[PDB]
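Protein chains in written order, with the authors' numbering: chain F, 622 to 631; chain D, 48 to 306, 319 to 581; chain A, 48 to 306, 319 to 581; chain B, 590 to 611; chain C, 622 to 631; chain E, 590 to 611.
Positions of the beta carbon are idealized from the N, C-alpha and C atoms, including for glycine.
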């Protein structure tokens, strides 16, 4: 799994 | 589909979304009113993201503010999801096998799964096309859904506060991207002979979000500036002497030992971290400074204060006497008695509770502090594990000088750990007022089920069984809440629980203490 | 503070008080409407006292009317405090020691402590600067706070009555300062063959203040003018024949005698003193004339009338049978029985209640009659003890001729005595309607706690223990009210209890009787 | 020390009866 | 203690 | 296989006490 999302840092 | 175009009966039915246009009109009126009263500046735009002509799960409202940096346009967006109760999204099917029989499980879809990478890509492309800048850079500022079952006709204050906070967040992210002076504790000395004091508090009514969402909070730790000089003037008048606020509540976990160490261990869960109301700025270096106050709750075992019985009333939901059900004696210890007092309450806590607590956080990718919760979730584990840890270390170094390496070594030491637990977010209407769904914990379940240990053990396994599939655990947790709490439960989102490293908290506290920070209290 | 000026994010949040501007607008509209209907005269002004730009605990509304006396301007002010529930004032900390351990007590701040000398000085300076007269003399007319949890949108009648009463009070104080004819009973003869009659009354529903605040009242004594001539015309029509009204209720106190004198003594508490609705004038000499009616309640032991059981219903809160719990027989005397009647009710009262009552008053520095309550509190004891007594004697001499020295000697006889008791003022919402917090008395506590004498004794000591600190007594009293009454208690102010001199009441009554006053009744 | 009652309320007691014309 | 307040009489 | 408890929560435990100036 380990779904991710948008990040402003990178 | 083609059937309507094949027969073409006069008149039109359905085929529209009516919870977007009204919200847009309300937001435009609120923005005009705020601009009239010299509260904001006419430099941002409000746009509608219709699901019908973009083919997305949920319509959204986006607040875009753009500036120019070295000739390169930069756009900051704060989408606001608008879930609707009049339409049903298709569910997700999963299959599990038991012996010789296979069955299908119908799950449910939350707001968090809707906001995927493709959703943000389409939103960014739409904003770029609308604003006339095709190649402009777009940076996210943190989504915040508007909960359903909320009447927009009589909720003007919450919407106004949400709009102002969204503008503040856009300004914050734009300033961070541009590059400004980092916030450091070296500038907090004030050079006026004042000191910082931390006050602990025990509460019984839940805290409220900016949109009226209740939040469970039993222990509240705040930090204030004490400026009491000799002949202090302004008696009974105080000038906003308050900086931070952290809401905490404790929960009990049982280690698997068969039957000198205490059977139960107390784990403290951090729900909300926020700054003072007066402060309109939110920067990454304030978050760690506010979070450092959590460790201070162990100065005098203040985490155990809510556990002691109150005199006069007994809700019987947070009773501590149920802990004796599995003790050496089968029955429960009877509080609310003339003989019972603090004399043997300490004895009970020594003989059945571990002296040291455990610190945990309920990270939420859709909350107000989404931009930090997502970063910490990435730092916990995933493809972006080194970058997040490096960013966190850099921020901590920027807050308070430098030289954090002497206390921590991120190269060979995990910062955050994922326990593989998913927590539902909802609210249930109690007889008196609306409350929080997280009021149901291990102690509450133990109180509800007096002597049947097997049912309680099934409930406990429904939370953290690694063998059982997560969908079944969510189903069991949703059934148990209905069984115990009531029929008024209304889920609103999802959250994840994580455990901080034991050495990390101590290293952070020691680094801040050595960096010239002095806090005094009882 | 400086953090906001250091980062300067666009947009503004909080930083304002919204329960002052709306009240000012409402008061201006009400004043305009009253002036339009030829109810008042355009000679007074309404001003706002903002806490933000004056640095005070609470914002206030002031009604100033100014006149000229011998070329010297005189300004009369009636401030109205505006407490708000959206902000919390800092609490007051106190330390007490028990053996080898010291602890900190967090008290609470009332409205009365806010209105200090510095507050009035700043208010007077602000009014003088605003009205253009720097050296004008300013005289107080009596503060009156507006209770919180009151919706101003639908309370127009109470605000209108409060404004008219405030204007009347300003006129009264201005006329008193200017100097007018004192009110004397010699002008009450009427020279038309009429007589004054006093009517006693027993009530069960609480009286109401000008702002809807309930007041406990069991015995009501009124004075009327009876003008029944021979062929009296106007059948069924009455012309405002009513002058005074005094609200009284009795309470039982137990003398400390170990176990022929009765164990319990009855003490009568005077709550409210007021004139007729038709009379728009309030002068100091009417207050004593109205207060003289209190002693007349003992003509036929009318103070014991509310104690007798009512037929048909039994609230079980004011039951007199609980008095037998500590009697020679442990159990309680069972009323509501066929055999029980007035035949042995008199026997019980003779054998367990002292024949003579005790008179007490609940002085309040923030009530409607603040200007007299403060004077009596000063006369009770303090730096201004001789001046207040001399003023009271002068007023009593002015009311009814003179020669009060033959009945009283203020030089070597105290007028009022302070018992060192502080009474909270609040209201609790009963199931049917809102009631008064003072309904809970010694008999109510005795009824609530059937046989446990120790708990009742602890409650009784929580009121008048001289050894225990006052803050602890207030804490215990606030806990007991929550324990017994309910969760709807809402405190509004503070009051003090005082005991009149036994000889003073008799001397006043005899002086009025000898001064040509004749009152007849049953 | 435990509270036992009010030892000063008994000093102030009305001796007479209300005088009315009737 | 014996806290006091403004008085119009004096 | 039946669940018995959390065997990994005990690895992370605060050893010290909060350090305050007081």
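Quick one, are the C-beta atoms of residue i and residue j less than 8 angstroms apart?
{"i": "residue 67 of chain D", "j": "residue 127 of chain D", "result": "no"}
{"i": "residue 263 of chain D", "j": "residue 498 of chain D", "result": "yes"}
{"i": "residue 416 of chain D", "j": "residue 349 of chain D", "result": "no"}
{"i": "residue 411 of chain D", "j": "residue 321 of chain D", "result": "yes"}
{"i": "residue 77 of chain D", "j": "residue 206 of chain D", "result": "yes"}
{"i": "residue 581 of chain A", "j": "residue 351 of chain A", "result": "no"}
{"i": "residue 120 of chain A", "j": "residue 222 of chain A", "result": "no"}
{"i": "residue 253 of chain A", "j": "residue 494 of chain A", "result": "yes"}
{"i": "residue 353 of chain A", "j": "residue 338 of chain A", "result": "no"}
{"i": "residue 198 of chain D", "j": "residue 361 of chain D", "result": "no"}
{"i": "residue 309 of chain D", "j": "residue 521 of chain D", "result": "Note on chain D: consecutive modelled numbers read 306 then 319, so residue 309 of chain D has no coordinates in the structure shown."}
{"i": "residue 211 of chain D", "j": "residue 58 of chain A", "result": "yes"}
Consult DSSP for residue i and reduce its assignment to one of helix, strand or coil.
{"i": "residue 451 of chain D", "result": "helix"}
{"i": "residue 575 of chain A", "result": "coil"}
{"i": "residue 295 of chain A", "result": "strand"}
{"i": "residue 232 of chain D", "result": "helix"}
{"i": "residue 430 of chain D", "result": "helix"}
{"i": "residue 255 of chain A", "result": "strand"}
{"i": "residue 110 of chain A", "result": "strand"}
{"i": "residue 135 of chain D", "result": "coil"}
{"i": "residue 335 of chain A", "result": "coil"}
{"i": "residue 92 of chain A", "result": "strand"}
{"i": "residue 75 of chain D", "result": "helix"}
{"i": "residue 214 of chain D", "result": "helix"}
{"i": "residue 362 of chain A", "result": "helix"}
{"i": "residue 309 of chain A", "result": "Gap in chain A between 306 and 319; residue 309 of chain A lies inside it and carries no coordinates."}
{"i": "residue 283 of chain A", "result": "coil"}
{"i": "residue 262 of chain A", "result": "strand"}
{"i": "residue 348 of chain A", "result": "helix"}
{"i": "residue 609 of chain E", "result": "coil"}
{"i": "residue 290 of chain D", "result": "coil"}
With a threshold of 7 angstroms (Cβ to nearest heavy atom), would residue i be considered close to the ligand PLP?
{"i": "residue 175 of chain D", "result": "In terms of ligand content, the structure shown is empty, and the ligand PLP therefore cannot be addressed."}
Under 7 angstroms, CB to CB, which of the residues in the segment 208 to 223 of chain D have a partner in chain A? 211, 214, 215, 218, 219
Determine, using beta-carbon pairs with one atom in the segment 504 to 520 of chain A and one in the segment 440 to 451 of chain A, whether at least three such pairs fall under 8 angstroms. no
Got a sec: which bits of the segment 153 to 170 of chain A sit with their beta carbon under 8 angstroms from any beta carbon on chain D, in order along the chain? 156, 160, 161, 163, 165
Do the segment 148 to 165 of chain D and the segment 552 to 568 of chain D meet, that is, are 3 or more Cβ pairs less than 8 angstroms apart? yes
Any contact between the segment 189 to 198 of chain A and the segment 422 to 437 of chain A? By contact I mean 3 or more CB pairs, one from each, below 8 angstroms. Enough Cβ pairs lie closer than 8 angstroms, so yes.
Cβ contact (3+ pairs, closer than 8 angstroms) linking the segment 367 to 386 of chain D and the segment 267 to 283 of chain D: no
Could you tell me which whole beta strand (DSSP E) segments of length 3 or greater appear in the segment 462 to 513 of chain A? 475 to 488, 493 to 495
Whether or not the segment 339 to 350 of chain D and the segment 361 to 376 of chain D are in contact is what I'm after, with contact meaning three or more pairs of Cβ atoms, one per stretch, closer than 8 angstroms; do they touch? no
Looking at C-beta atoms only, is the number of pairs between the segment 209 to 227 of chain D and the segment 111 to 127 of chain D that lie closer than 8 angstroms three or more? Yes: at least three Cβ pairs fall under 8 angstroms.
Quick one: which residues of the segment 85 to 104 of chain D get their C-beta closer than 7 angstroms to a C-beta of chain A? List them in chain order. 86, 87, 88
Unbroken stretches of the beta strand (DSSP E), 3 residues or longer, contained in the segment 543 to 571 of chain D: DSSP assignment within the segment 543 to 571 of chain D yields the following whole beta strand (DSSP E) runs of 3 residues or more, N-terminal first: 549 to 559.
Any 3 or more C-beta pairs closer than 8 angstroms across the segment 559 to 578 of chain A and the segment 457 to 468 of chain A: yes
Is it a yes or a no for the segment 533 to 551 of chain A touching the segment 480 to 488 of chain A, going by three-plus beta-carbon pairs under 8 angstroms? Contact between the segment 533 to 551 of chain A and the segment 480 to 488 of chain A is present: three or more C-beta pairs spanning the two stretches fall below 8 angstroms.
Inter-stretch contact at 8 angstroms, needing at least 3 Cβ pairs: the segment 58 to 66 of chain A / the segment 96 to 110 of chain A: yes
By the 8 angstroms beta-carbon criterion, what residues does the segment 557 to 574 of chain D contribute toward chain H? Of the chains in the structure shown, none is chain H; the protein chains are F, D, A, B, C and E.
Taking 8 angstroms as the threshold, find out whether the segment 396 to 407 of chain D comes into contact with the segment 531 to 547 of chain D through three or more Cβ pairs. no
Between the segment 135 to 146 of chain A and chain D, which residues of the former have CB atoms less than 8 angstroms from a CB of the latter, in chain order? 136, 137
With 8 angstroms as the C-beta to C-beta threshold (strictly closer), list the residues of the segment 512 to 539 of chain A near chain B in chain order. Listed by position, the residues of the segment 512 to 539 of chain A near chain B (Cβ gap below 8 angstroms) are 516, 519, 520, 523, 524, 526.
Length-filtered (3 minimum) beta strand (DSSP E) runs lying within the segment 150 to 210 of chain D: 184 to 187
Do three or more CB pairs link the segment 472 to 481 of chain A to the segment 515 to 529 of chain A at distances below 8 angstroms? yes
Members of the segment 106 to 128 of chain A that neighbour chain D once the beta carbon cut-off is set at 9 angstroms: none
Listed from N- to C-terminal order along the chain, which residues in the segment 423 to 435 of chain A have their beta-carbon within a distance smaller than 8 angstroms of any beta-carbon of chain C? 424, 430, 433, 434
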